[PDB]
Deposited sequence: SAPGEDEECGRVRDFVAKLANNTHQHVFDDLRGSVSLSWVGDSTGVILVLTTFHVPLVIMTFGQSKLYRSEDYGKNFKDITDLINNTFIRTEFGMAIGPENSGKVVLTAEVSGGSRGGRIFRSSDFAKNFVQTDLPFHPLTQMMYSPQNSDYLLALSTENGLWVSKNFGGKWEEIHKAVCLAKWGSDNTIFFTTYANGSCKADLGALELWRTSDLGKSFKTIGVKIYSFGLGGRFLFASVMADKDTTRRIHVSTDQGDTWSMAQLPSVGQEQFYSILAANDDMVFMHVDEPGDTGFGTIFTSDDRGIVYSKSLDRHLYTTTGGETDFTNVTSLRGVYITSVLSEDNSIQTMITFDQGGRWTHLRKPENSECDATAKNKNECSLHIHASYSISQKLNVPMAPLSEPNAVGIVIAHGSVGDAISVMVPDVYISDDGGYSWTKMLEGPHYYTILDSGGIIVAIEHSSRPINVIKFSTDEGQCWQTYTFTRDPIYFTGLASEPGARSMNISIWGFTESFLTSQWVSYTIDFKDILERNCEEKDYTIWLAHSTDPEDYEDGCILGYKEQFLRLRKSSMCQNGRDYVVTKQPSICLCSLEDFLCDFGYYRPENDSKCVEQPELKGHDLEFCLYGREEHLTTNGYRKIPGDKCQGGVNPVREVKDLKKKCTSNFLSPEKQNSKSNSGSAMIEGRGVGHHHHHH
């Protein structure tokens, strides 16, 4: 096919070895800041000692800064707490003598050039959490279940409430937290009170009662609330930060049951609801843009209750695309993909040249299935979960199998450049994989029981590969590290030599491999979501199309750190398919027409009794959240009031 020439020399001077000498136990790695190059490596020993290393070169060289922490012992439970973005804030938690009045931290605002020791008034139960708004604002939970806040980068701490189960930063330095009264968080479960502070503890407002748990995603604030004189509970939603609430359109659940936010974005959430009775699976619902009304997206979605693992995956390299696992009747697992944000799920098309396996009832006809958290947890030979990056358009890389179900065999690696519509076997056998330069470079390391001296790369998005021996002394591979955001040319291969064992890291700079900077000609026009190009609506997803400029497979050049994914939207005519049925409406049959329910049952009937004025009254149709369509069809009909229809059956008092 095609390759890069004289590459060996180009990677020769760019391969940078660093040996880590003393290392043991927990090894944490933290990137600090974007486009800084700062990496922290924290190690701990036990009968012990903590070693701390720093690199400004993206891992090409480190320097032992343990002398900055006074060679004291860092507790790994709390790891390295890194400030948001380029703040440079770094906080480590030291272990203190048993009798100490309070804990102790080592903090740096300088990207760990200098640290300062600070004795705390308390003992941290949790890692310290930075306010996303202001990186000098931190909150922590004490072992006494106190809520402590620092206005200056952990220098001074104030205890704002004395009983707290859970606490979170919202937007604008807001703090949400749950509290208890009588006794342990555990005991008062369901009886918890939900509070909010917007002043950092000057004043509070209790925005919920009978609270079980809460959580944030997108614009939504979710709270689980227990039913009066009952063992069950249900979701309530707030977009006003607790000021007003509304009951969700979801079913209630018992105590063995749970809710989970699978994904949330400014438009909506995917809510997973556990099935009653230890199924190991649930149903996924997608919400409307209020987070109030829930369409039912997927049945028998696999989510384990203990050590809860779900293969649910945002495919971040193309808009609207998500993959996940479902549990079949034959008790086997199948991967499904949605291109529309959960309006439709379907099996993943299999590679043209792939062959079906034993799991498949027909040798000619089967599909592609993806290994993800679940496979991993069951200890199938799976080095990495699925990878995609938003700056690498359409690209998805995953271990998988081709057949009627996820198979237990040793998986090859598969790739897609179109966002999951079509696939190809990228490499045979399990590999660790990473994306550099927004897809300009793909890198892979073989997964082996025995040591490896070799790395593999592709500049054509996985179509052909080349091989580079980065060391004479082969190592046992322990991981890849590369700058978050997939924009660098720099990749770190982590491992240890055969023993007297020690860790080493070989960091490779591809700057010479692609010497040429990409230019306008190197990009070609690509419509995302194309199915039938003769169709006027081809590629409309959620009301609109996007056309991209993508880097040619053939063209090899660096995209650049400043690279901008450029795309243009086309606004499609609204059709009924752009709407979801509103409360008390459903799509019977083939027709996409939303029609009125004859009567509301189950949680529909629950809501209908217990809902509120806005949602109970309806147009029968709402725009799918995030759906940008213009013109064409707007359903025309008058808002009705459904409260009468539910209460219609009940005898009412005077």
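### Deposited positions without coordinates, collected into consecutive stretches in sequence order
Going by the record, the segments left unmodelled (no C-alpha atoms) fall at 1-8, 56-62, 515-516, 672-696.
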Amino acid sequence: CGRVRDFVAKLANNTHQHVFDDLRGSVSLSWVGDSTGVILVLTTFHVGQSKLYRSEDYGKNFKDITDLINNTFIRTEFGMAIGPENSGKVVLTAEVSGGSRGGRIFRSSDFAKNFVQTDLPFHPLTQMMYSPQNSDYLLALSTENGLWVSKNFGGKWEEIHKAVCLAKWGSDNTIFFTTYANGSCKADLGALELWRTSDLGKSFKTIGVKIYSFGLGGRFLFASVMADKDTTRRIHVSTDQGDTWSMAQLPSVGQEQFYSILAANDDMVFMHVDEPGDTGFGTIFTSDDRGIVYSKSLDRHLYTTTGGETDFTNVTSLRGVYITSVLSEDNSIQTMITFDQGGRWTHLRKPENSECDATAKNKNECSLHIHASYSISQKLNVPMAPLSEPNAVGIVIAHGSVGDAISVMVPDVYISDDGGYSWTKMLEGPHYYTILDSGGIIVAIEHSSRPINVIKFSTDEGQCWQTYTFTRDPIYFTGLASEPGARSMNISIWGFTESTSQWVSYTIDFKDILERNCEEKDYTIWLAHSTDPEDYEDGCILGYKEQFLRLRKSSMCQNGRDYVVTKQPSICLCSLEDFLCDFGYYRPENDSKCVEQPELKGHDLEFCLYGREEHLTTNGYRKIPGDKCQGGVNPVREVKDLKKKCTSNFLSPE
From here on, numbers count along this sequence of modelled residues.
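Rigid core (definition): largest C-alpha set, two forms, superposition within 1.5 Å.
Margin query: Superpose by the rigid core and compare 430-438 with 224-232; which one moves more, by C-alpha RMS, in 6 other deposited structures of this protein?
Written below: Greater root mean square C-alpha distance in 6 other deposited structures of this protein: 224-232.
* To do: Once the rigid core is lined up, would you tell me whether 300-308 or 253-261 has the higher RMS CA deviation in 6 other deposited structures of this protein?
  => Most displaced of the pair in 6 other deposited structures of this protein: 300-308.
Averaging C-alpha B-factors over each stretch, which comes out higher, 125-133 or 369-377?
Going by the record's values, the stretch with the higher mean is 125-133.
Residue range whose averaged C-alpha B-factor is higher in the record, 188-196 or 545-553: According to the entry, 188-196 carries the higher average C-alpha B-factor.
Requested in this report: Going by the CA temperature factor in the entry, name the top one among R349, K229, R233, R290.
Outcome: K229 has the highest C-alpha B-factor of those listed.
*Tell me which of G282, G98, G419, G485 tops the list for C-alpha B factor in the record.*
Among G282, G98, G419, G485, the highest C-alpha B-factor in the entry belongs to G98.
Split the chain's modelled residues into thirds by Cα B-factor; is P588 in the lowest, middle or highest one?
Ranked within chain, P588 CA B lands in the highest tercile.
| Where does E309 sit by CA temperature factor within its chain: lowest, middle or highest third? | As the PDB entry reports it, the C-alpha B-factor of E309 lands in the middle third of its chain.
**Item:** Third assignment of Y621 from its chain's C-alpha B-factors
**Value:** Middle third.
**OP:** State the tercile, meaning the lowest, middle or highest third, of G48 with respect to the CA B-factors recorded for its chain.
**Re:** Highest third.
Looking at the C-alpha B-factor of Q341, is it in the lowest, middle or highest third of its chain? It falls in the bottom third of the chain.
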